[PDB]
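Trainee: Contents of run-v9.cif (mmCIF, C-alpha atoms):
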data_final
loop_
_atom_site.label_atom_id
_atom_site.label_comp_id
_atom_site.auth_asym_id
_atom_site.auth_seq_id
_atom_site.Cartn_x
_atom_site.Cartn_y
_atom_site.Cartn_z
CA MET G 1 137.93 158.79 125.81
CA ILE G 2 134.47 158.81 124.11
CA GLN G 3 131.61 157.29 126.16
CA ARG G 4 128.38 156.54 124.23
CA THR G 5 124.98 156.77 126.02
CA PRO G 6 122.68 153.75 125.67
CA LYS G 7 119.74 153.75 123.24
CA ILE G 8 116.76 152.18 125.04
CA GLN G 9 113.74 150.44 123.54
CA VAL G 10 111.26 148.56 125.74
CA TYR G 11 108.74 146.68 123.64
CA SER G 12 106.71 143.50 123.37
CA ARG G 13 107.91 140.48 121.39
CA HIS G 14 104.73 139.48 119.58
CA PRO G 15 101.69 141.76 119.14
CA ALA G 16 99.55 141.46 122.25
CA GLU G 17 97.71 143.25 125.07
CA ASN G 18 95.48 140.36 126.18
CA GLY G 19 95.91 136.82 127.61
CA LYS G 20 98.22 135.61 124.80
CA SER G 21 101.77 134.68 125.79
CA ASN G 22 104.54 137.02 124.63
CA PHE G 23 107.95 138.28 125.82
CA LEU G 24 108.75 141.74 127.28
CA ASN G 25 112.04 143.05 125.74
CA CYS G 26 114.35 146.02 126.62
CA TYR G 27 116.88 146.41 123.78
CA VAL G 28 119.83 148.64 124.70
CA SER G 29 122.22 149.54 121.91
CA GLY G 30 124.90 151.94 120.76
CA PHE G 31 126.56 152.27 124.17
CA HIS G 32 130.16 152.10 125.37
CA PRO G 33 131.64 150.73 127.62
CA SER G 34 129.84 147.42 128.23
CA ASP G 35 128.94 147.70 131.93
CA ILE G 36 125.19 148.27 131.87
CA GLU G 37 122.30 147.53 134.22
CA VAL G 38 118.95 146.64 132.69
CA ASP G 39 116.01 146.02 134.97
CA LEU G 40 112.57 145.21 133.70
CA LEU G 41 109.97 146.82 135.96
CA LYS G 42 106.39 145.75 136.69
CA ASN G 43 104.37 148.60 138.24
CA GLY G 44 107.61 149.86 139.80
CA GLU G 45 108.89 146.52 141.14
CA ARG G 46 111.84 144.65 139.65
CA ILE G 47 110.87 141.42 137.86
CA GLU G 48 113.15 138.72 139.30
CA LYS G 49 113.77 136.42 136.29
CA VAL G 50 115.11 138.58 133.39
CA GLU G 51 117.54 136.86 130.97
CA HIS G 52 119.75 138.60 128.37
CA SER G 53 121.59 137.69 125.18
CA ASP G 54 125.35 137.39 124.79
CA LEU G 55 127.23 140.68 124.47
CA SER G 56 128.04 141.75 120.91
CA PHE G 57 128.77 145.00 119.10
CA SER G 58 128.02 146.91 115.91
CA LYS G 59 130.20 148.21 113.07
CA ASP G 60 131.11 151.32 115.12
CA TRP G 61 132.24 149.01 118.00
CA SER G 62 129.25 150.07 120.14
CA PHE G 63 127.52 147.30 122.10
CA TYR G 64 123.97 145.96 122.02
CA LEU G 65 122.12 143.68 124.46
CA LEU G 66 118.55 142.36 124.63
CA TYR G 67 116.96 141.66 128.03
CA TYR G 68 113.78 139.59 128.04
CA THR G 69 111.36 137.94 130.44
CA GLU G 70 108.54 135.58 129.50
CA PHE G 71 105.11 137.10 130.17
CA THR G 72 101.43 136.91 129.29
CA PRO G 73 100.25 140.50 128.74
CA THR G 74 96.92 141.73 130.02
CA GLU G 75 95.08 144.92 129.12
CA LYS G 76 95.79 146.72 132.42
CA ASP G 77 99.19 145.36 133.50
CA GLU G 78 101.92 148.01 133.09
CA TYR G 79 105.64 147.40 132.46
CA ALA G 80 108.82 149.39 132.35
CA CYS G 81 112.55 149.34 131.82
CA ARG G 82 115.17 150.90 134.07
CA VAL G 83 118.65 151.35 132.61
CA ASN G 84 121.72 152.70 134.43
CA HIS G 85 125.03 153.35 132.71
CA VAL G 86 128.19 155.31 133.46
CA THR G 87 126.92 157.98 131.03
CA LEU G 88 123.74 158.28 133.12
CA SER G 89 123.69 160.61 136.12
CA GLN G 90 120.53 158.90 137.41
CA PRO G 91 118.78 155.72 136.23
CA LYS G 92 116.60 156.34 133.16
CA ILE G 93 113.19 154.66 133.23
CA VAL G 94 111.31 154.05 129.95
CA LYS G 95 107.74 152.80 130.25
CA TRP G 96 106.26 150.32 127.77
CA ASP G 97 103.80 152.01 125.40
CA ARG G 98 102.37 150.27 122.32
CA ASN L 1 136.10 127.73 112.64
CA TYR L 2 137.91 130.14 114.96
CA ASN L 3 141.40 131.38 114.12
CA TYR L 4 144.36 129.45 115.50
CA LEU L 5 147.05 132.18 115.69
CA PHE L 6 146.91 135.24 117.94
CA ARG L 7 149.62 137.90 118.09
CA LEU L 8 150.72 140.51 120.62
CA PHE L 9 150.67 144.25 120.04
CA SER I 1 122.08 140.08 101.24
CA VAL I 2 120.64 140.99 97.82
CA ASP I 3 124.02 139.92 96.40
CA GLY I 4 123.21 136.54 97.92
CA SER I 5 126.48 136.80 99.81
CA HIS I 6 126.85 135.14 103.19
CA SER I 7 129.16 136.17 106.04
CA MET I 8 130.86 134.58 109.08
CA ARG I 9 131.80 136.92 111.95
CA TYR I 10 133.56 136.36 115.26
CA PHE I 11 133.24 139.20 117.78
CA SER I 12 135.32 139.33 120.96
CA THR I 13 135.25 141.74 123.90
CA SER I 14 137.82 141.91 126.70
CA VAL I 15 137.17 144.14 129.71
CA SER I 16 139.88 144.45 132.35
CA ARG I 17 138.73 144.04 135.95
CA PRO I 18 141.29 145.97 138.02
CA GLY I 19 141.44 144.71 141.58
CA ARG I 20 138.59 142.27 140.87
CA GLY I 21 140.63 139.61 139.10
CA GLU I 22 141.45 138.75 135.51
CA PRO I 23 139.64 140.50 132.62
CA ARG I 24 136.25 139.36 131.37
CA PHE I 25 136.35 137.83 127.88
CA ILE I 26 133.22 137.35 125.78
CA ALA I 27 133.40 135.92 122.26
CA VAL I 28 130.39 135.45 119.99
CA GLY I 29 130.08 133.84 116.58
CA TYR I 30 127.53 134.88 113.95
CA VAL I 31 126.60 133.57 110.51
CA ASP I 32 124.80 136.50 108.84
CA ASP I 33 122.35 137.65 111.56
CA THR I 34 122.16 134.30 113.41
CA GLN I 35 124.48 133.58 116.33
CA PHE I 36 125.82 130.03 116.53
CA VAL I 37 128.59 129.92 119.17
CA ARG I 38 129.67 131.80 122.27
CA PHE I 39 132.41 131.75 124.90
CA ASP I 40 132.24 133.59 128.24
CA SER I 41 135.29 133.50 130.52
CA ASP I 42 132.99 133.74 133.56
CA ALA I 43 131.14 130.54 132.59
CA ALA I 44 131.98 127.29 134.37
CA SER I 45 132.34 125.10 131.26
CA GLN I 46 135.42 127.04 130.08
CA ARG I 47 134.64 125.72 126.60
CA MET I 48 133.02 126.93 123.38
CA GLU I 49 129.25 126.45 123.65
CA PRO I 50 126.53 126.04 120.98
CA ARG I 51 123.80 128.60 120.38
CA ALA I 52 122.18 127.35 117.12
CA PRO I 53 120.65 123.90 116.50
CA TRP I 54 122.71 123.23 113.36
CA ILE I 55 126.11 123.72 115.02
CA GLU I 56 125.41 120.78 117.35
CA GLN I 57 125.54 118.54 114.25
CA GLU I 58 129.31 119.17 114.28
CA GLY I 59 131.69 116.52 115.53
CA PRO I 60 133.01 116.28 119.08
CA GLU I 61 136.56 117.11 117.92
CA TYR I 62 135.22 120.51 116.82
CA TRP I 63 134.19 121.62 120.31
CA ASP I 64 137.58 120.68 121.77
CA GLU I 65 139.57 122.43 119.04
CA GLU I 66 137.40 125.57 118.95
CA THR I 67 137.69 125.84 122.74
CA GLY I 68 141.48 125.80 122.52
CA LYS I 69 141.56 128.64 120.00
CA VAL I 70 139.16 131.00 121.79
CA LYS I 71 141.00 130.45 125.09
CA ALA I 72 144.27 131.37 123.38
CA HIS I 73 142.59 134.57 122.18
CA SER I 74 141.36 135.43 125.68
CA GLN I 75 144.84 134.85 127.12
CA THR I 76 146.52 136.77 124.29
CA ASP I 77 144.27 139.83 124.59
CA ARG I 78 144.87 139.87 128.34
CA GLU I 79 148.55 140.68 127.71
CA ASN I 80 147.55 143.05 124.89
CA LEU I 81 145.42 145.01 127.36
CA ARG I 82 148.58 145.40 129.45
CA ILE I 83 150.71 146.36 126.43
CA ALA I 84 148.19 149.08 125.56
CA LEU I 85 148.66 150.57 129.03
CA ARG I 86 152.37 150.92 128.27
CA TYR I 87 151.83 152.29 124.75
CA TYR I 88 149.34 154.94 125.96
CA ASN I 89 150.98 155.54 129.38
CA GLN I 90 147.78 154.66 131.26
CA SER I 91 147.47 153.42 134.84
CA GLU I 92 146.61 149.97 136.20
CA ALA I 93 143.53 151.33 138.02
CA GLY I 94 141.40 152.10 134.96
CA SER I 95 139.02 149.66 133.31
CA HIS I 96 139.67 149.38 129.57
CA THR I 97 138.13 147.46 126.68
CA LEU I 98 139.77 145.61 123.78
CA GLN I 99 137.52 144.47 120.92
CA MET I 100 138.36 142.24 117.96
CA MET I 101 136.38 141.32 114.85
CA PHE I 102 137.42 138.74 112.28
CA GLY I 103 135.68 136.66 109.65
CA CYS I 104 135.10 136.24 105.94
CA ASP I 105 132.52 136.76 103.19
CA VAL I 106 131.42 134.29 100.52
CA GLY I 107 129.08 134.76 97.59
CA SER I 108 125.89 132.99 96.59
CA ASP I 109 128.08 130.40 94.84
CA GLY I 110 130.32 130.09 97.92
CA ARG I 111 133.55 131.67 96.60
CA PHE I 112 135.84 133.78 98.79
CA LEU I 113 135.00 137.49 98.64
CA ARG I 114 136.43 139.52 101.55
CA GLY I 115 138.35 139.12 104.79
CA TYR I 116 138.32 141.08 108.03
CA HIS I 117 140.75 141.42 110.94
CA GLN I 118 140.33 144.55 113.07
CA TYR I 119 141.00 145.67 116.65
CA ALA I 120 139.61 148.45 118.82
CA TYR I 121 140.92 149.85 122.11
CA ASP I 122 138.34 151.60 124.31
CA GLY I 123 135.82 151.66 121.46
CA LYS I 124 137.94 153.33 118.77
CA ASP I 125 139.94 151.79 115.92
CA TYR I 126 143.36 150.46 116.89
CA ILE I 127 144.65 148.43 113.95
CA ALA I 128 143.01 146.79 110.94
CA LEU I 129 144.06 144.48 108.12
CA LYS I 130 143.33 146.31 104.90
CA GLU I 131 141.14 144.83 102.17
CA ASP I 132 144.18 143.62 100.24
CA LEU I 133 144.83 141.35 103.26
CA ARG I 134 148.48 142.46 102.96
CA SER I 135 148.83 145.91 104.62
CA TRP I 136 147.71 147.44 107.92
CA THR I 137 145.84 150.62 108.91
CA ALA I 138 147.07 152.06 112.23
CA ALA I 139 144.89 154.74 113.83
CA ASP I 140 147.36 156.34 116.28
CA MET I 141 151.03 156.43 117.29
CA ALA I 142 150.51 153.41 119.56
CA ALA I 143 149.20 151.23 116.71
CA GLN I 144 152.16 152.30 114.56
CA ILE I 145 154.41 150.42 117.00
CA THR I 146 152.23 147.30 116.66
CA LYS I 147 152.01 147.71 112.87
CA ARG I 148 155.81 147.72 112.49
CA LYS I 149 156.07 144.53 114.57
CA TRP I 150 153.29 142.81 112.63
CA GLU I 151 155.00 143.76 109.36
CA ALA I 152 158.32 142.35 110.57
CA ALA I 153 156.66 139.16 111.80
CA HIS I 154 154.64 138.92 108.55
CA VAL I 155 151.35 138.52 110.42
CA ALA I 156 149.27 139.49 107.36
CA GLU I 157 150.24 136.34 105.46
CA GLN I 158 149.33 134.08 108.39
CA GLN I 159 145.90 135.74 108.68
CA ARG I 160 145.26 135.84 104.91
CA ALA I 161 145.65 132.04 104.85
CA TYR I 162 143.01 131.56 107.56
CA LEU I 163 140.59 134.07 106.05
CA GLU I 164 140.81 132.44 102.61
CA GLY I 165 140.95 128.89 103.97
CA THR I 166 139.63 127.57 107.28
CA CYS I 167 137.29 130.58 107.51
CA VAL I 168 135.39 130.05 104.25
CA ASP I 169 135.44 126.26 104.61
CA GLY I 170 133.50 126.61 107.87
CA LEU I 171 131.02 129.20 106.58
CA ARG I 172 130.14 126.91 103.66
CA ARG I 173 129.58 123.95 105.98
CA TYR I 174 127.50 125.99 108.44
CA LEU I 175 125.42 127.35 105.55
CA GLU I 176 124.65 123.91 104.13
CA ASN I 177 123.95 122.31 107.50
CA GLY I 178 121.73 125.27 108.30
CA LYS I 179 120.07 125.30 104.87
CA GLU I 180 116.62 124.76 106.37
CA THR I 181 117.36 127.75 108.65
CA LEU I 182 120.11 129.92 107.12
CA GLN I 183 119.05 130.18 103.45
CA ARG I 184 115.49 131.42 104.18
CA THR I 185 113.67 134.77 104.65
CA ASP I 186 110.85 136.02 106.87
CA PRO I 187 108.63 138.66 105.21
CA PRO I 188 107.62 141.60 107.42
CA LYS I 189 104.09 141.83 108.83
CA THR I 190 102.87 145.35 108.04
CA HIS I 191 100.24 147.37 109.92
CA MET I 192 99.47 151.03 110.61
CA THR I 193 98.12 153.08 113.53
CA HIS I 194 96.97 156.69 114.04
CA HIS I 195 97.44 159.23 116.88
CA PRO I 196 96.07 162.79 116.99
CA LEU I 204 100.37 157.63 112.22
CA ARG I 205 103.17 155.01 111.80
CA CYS I 206 103.81 151.75 109.84
CA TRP I 207 105.03 148.53 111.55
CA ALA I 208 107.19 145.71 110.11
CA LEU I 209 107.37 142.73 112.52
CA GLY I 210 108.78 139.21 112.38
CA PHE I 211 111.22 139.77 109.52
CA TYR I 212 114.57 138.05 108.87
CA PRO I 213 117.16 139.11 107.86
CA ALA I 214 117.33 142.52 109.56
CA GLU I 215 118.13 144.43 106.36
CA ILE I 216 114.99 146.48 105.74
CA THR I 217 114.03 149.93 104.47
CA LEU I 218 110.95 151.93 105.50
CA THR I 219 110.07 154.84 103.24
CA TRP I 220 107.45 157.56 103.50
CA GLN I 221 105.92 159.13 100.40
CA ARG I 222 103.22 161.81 100.32
CA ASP I 223 101.27 161.81 97.06
CA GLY I 224 104.01 159.69 95.54
CA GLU I 225 106.83 162.04 96.65
CA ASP I 226 109.64 161.06 99.03
CA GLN I 227 109.03 162.47 102.51
CA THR I 228 111.97 163.09 104.87
CA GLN I 229 110.62 165.80 107.21
CA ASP I 230 108.24 165.03 110.10
CA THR I 231 109.36 161.38 109.77
CA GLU I 232 110.72 159.18 112.58
CA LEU I 233 112.50 155.85 112.03
CA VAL I 234 113.78 153.70 114.92
CA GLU I 235 116.64 151.22 114.68
CA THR I 236 115.89 147.60 113.79
CA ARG I 237 115.27 145.64 116.96
CA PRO I 238 115.35 141.92 117.77
CA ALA I 239 112.22 140.31 119.15
CA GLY I 240 114.05 137.38 120.77
CA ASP I 241 112.80 134.74 118.32
CA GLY I 242 115.38 135.25 115.54
CA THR I 243 113.28 137.87 113.73
CA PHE I 244 113.45 141.65 113.86
CA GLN I 245 111.15 144.67 114.14
CA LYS I 246 111.14 148.26 112.92
CA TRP I 247 108.59 151.08 112.56
CA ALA I 248 108.30 154.43 110.76
CA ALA I 249 106.09 157.46 111.51
CA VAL I 250 105.09 160.89 110.08
CA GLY I 255 94.42 166.62 110.96
CA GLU I 256 96.61 166.07 107.90
CA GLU I 257 96.29 162.50 106.67
CA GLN I 258 95.17 160.01 103.98
CA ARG I 259 97.55 161.78 101.53
CA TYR I 260 100.62 159.91 102.93
CA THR I 261 101.77 156.34 102.26
CA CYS I 262 104.42 154.10 103.81
CA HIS I 263 106.55 151.97 101.46
CA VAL I 264 108.43 148.94 102.80
CA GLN I 265 111.31 147.16 101.02
CA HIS I 266 112.85 143.84 102.10
CA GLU I 267 114.57 140.93 100.31
CA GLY I 268 111.87 138.68 101.85
CA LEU I 269 108.99 140.67 100.33
CA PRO I 270 107.58 139.55 96.97
CA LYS I 271 106.85 143.21 96.15
CA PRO I 272 107.66 146.42 98.03
CA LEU I 273 104.63 147.05 100.24
CA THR I 274 102.51 150.21 100.28
CA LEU I 275 100.42 150.93 103.41
CA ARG I 276 96.76 152.05 103.19
CA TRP I 277 95.99 154.46 106.06
#
Can you turn what I pasted into structure tokens?
Mentor:
Amino acid sequence: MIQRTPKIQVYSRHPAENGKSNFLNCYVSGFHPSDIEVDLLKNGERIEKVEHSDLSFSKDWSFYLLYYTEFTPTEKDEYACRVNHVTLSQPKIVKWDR
Amino acid sequence: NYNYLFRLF
Amino acid sequence: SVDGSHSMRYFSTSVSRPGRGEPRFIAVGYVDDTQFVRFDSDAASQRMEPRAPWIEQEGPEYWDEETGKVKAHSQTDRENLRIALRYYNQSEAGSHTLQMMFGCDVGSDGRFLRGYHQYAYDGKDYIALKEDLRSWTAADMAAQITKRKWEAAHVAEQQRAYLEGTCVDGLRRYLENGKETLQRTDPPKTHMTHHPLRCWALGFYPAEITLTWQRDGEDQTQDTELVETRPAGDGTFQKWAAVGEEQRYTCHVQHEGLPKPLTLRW
């Protein structure tokens, strides 16, 4: 059958890099089947409390999920997203940028 | 309102 | 959208769990781009749960009746997952997925427009009710067997009644009760950055949006990058577009929530 690789976007909820509360988000989309592992990473360590939305899918039947954890960004603190899927030979890690 | 009738293949 | 049409969608996913128990069933309900109900077979409540503030204004008979219908779906698609194994001559050790979408469209005035009733097995079309809400589109030889049965049992008529009746009646009610929330728009917040540049639209609802690049007033397709619309987690969405050589380019943003299409000054 046709397996679709996940599209990964790690990004901040509201605009912020300093003391103001926001939400770190890793939106995975366009993948099939639904078994997916999304880990938000802080300086290489898994953040424990990461919630996610209910599973849904697009017009092409491919799934999308949003994983989020409440955070207050600071200038220096670095974040990341680690996503493993059946289509992935090794976990793919995307680092938060802008 | 969900549907109330579901059929088999 | 721009038509002023509104839509109700119910999405369901069933994933078989061979050796680990019965299949996982997730069902989600959306009005336009706002989810309002959900049902997860792994949850302890075993009942349809609210996910939007305006669906809680419904009566207590609603939550009992809706729960009974989504549970019937989950139990029906569990046998359908097993029927598919026989139709496709597949083994009981493989994990497989069955997806269903149904719902209706209404216009700005609230009149019935379109109906939907489609299935997918392992992420590809299985069977669909056609737009006439009277005939079926079968994608493979397996779905032809199901199509013949559903023609003999006259399933199209039973669905066409729901899509034109109970379906639209609910969407109307959800739209009015969610007037303060559903019939509104969030204009995008635009900003631009430069790297040895890209426009940003943030906090917009609905998700329908178009980002255009024009150089000297001419449409620019090459050297341009556009990412898919993303949710922020607050009910609004985000999207950005990108393209030494500079100043001569401009980003143009169109959205039903914008008073005028926006042009970005680098």
Trainee: Residues at most 8 Å from residue 13 in chain G, counting only C-alpha atoms, excluding those fewer than 3 positions away in the same chain, as a list in words?
Mentor: residues 22, 23, 24 and 25 of chain G; 239 and 240 of chain I
Trainee: Given the file shown, enumerate the residues that the PyMOL selection byres ((chain I and resi 11) around 8) captures and present them as a list in words.
Mentor: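 This file gives the following for the PyMOL selection byres ((chain I and resi 11) around 8): residues 56 and 57 of chain G; 9, 10, 12, 13, 27, 28, 29, 99, 100, 101 and 102 of chain I.
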Trainee: Could you pull the residues within 7 Å of residue 55 in chain G, counting only C-alpha atoms, minus those fewer than 2 positions along the same chain, as a PyMOL selection string?
Mentor: (chain G and resi 53+64-65) or (chain I and resi 26)
Trainee: State, in Å with one decimal place, the distance from CA of residue 205 in chain I to CA of residue 44 in chain G.
Mentor: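 Atom-to-atom, CA of residue 205 in chain I to CA of residue 44 in chain G, that is 28.8 Å.
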Trainee: Just the residues within 10 Å of residue 8 in chain L, please, counting only C-alpha atoms, with nothing from its chain fewer than 3 positions along; format it as a VMD selection string.
Mentor: chain I and resid 76 to 81 83 146 149 to 150
Trainee: When you draw a straight line from CA of residue 147 in chain I to CA of residue 4 in chain L, how long is it in Å?
Mentor: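 According to the coordinates, CA of residue 147 in chain I and CA of residue 4 in chain L are separated by 20.0 Å.
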Trainee: Could you work out an axis-aligned box for range 107-114 of chain I, taking every atom the file lists and adding 8 Å on each side, and report centre and edge lengths in Å to one decimal, as lines of an AutoDock Vina configuration file?
Mentor:
center_x = 131.2
center_y = 134.8
center_z = 98.2
size_x = 26.5
size_y = 25.4
size_z = 22.7
Trainee: Since I can't run it myself right now, could you work out what the PyMOL selection byres ((chain G and resi 26) around 9) selects here and report it as a list in words?
Mentor: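 Residues picked by the PyMOL selection byres ((chain G and resi 26) around 9): residues 8, 9, 10, 11, 12, 24, 25, 27, 28, 38, 39, 40, 65, 66, 67, 68, 80, 81 and 82 of chain G.
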Trainee: From the list I:123, I:60, I:170, I:187, which residue is nearest chain L when using only C-alpha atoms?
Mentor: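 Closest to chain L, using only C-alpha atoms: I:170.
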Trainee: Can you tell me which residues surround residue 131 in chain I at a distance of at most 12 Å, considering only C-alpha atoms, apart from same-chain residues fewer than 3 positions away, and format the answer as number ranges by chain?
Mentor: I: 104-105, 113-118, 128, 134-137, 156, 160, 163
Trainee: Applied to the shown file, which residues does the PyMOL selection byres ((chain G and resi 35) around 10) return, written as a CSV table (one decimal) with C-alpha atoms, in the frame of the given file?
Mentor:
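After the write, expr_35.csv holds the following:
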chain,number,residue,atom,x,y,z
G,31,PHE,CA,126.6,152.3,124.2
G,32,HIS,CA,130.2,152.1,125.4
G,33,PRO,CA,131.6,150.7,127.6
G,34,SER,CA,129.8,147.4,128.2
G,36,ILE,CA,125.2,148.3,131.9
G,37,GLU,CA,122.3,147.5,134.2
G,63,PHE,CA,127.5,147.3,122.1
G,84,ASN,CA,121.7,152.7,134.4
G,85,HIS,CA,125.0,153.4,132.7
G,86,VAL,CA,128.2,155.3,133.5
I,15,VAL,CA,137.2,144.1,129.7
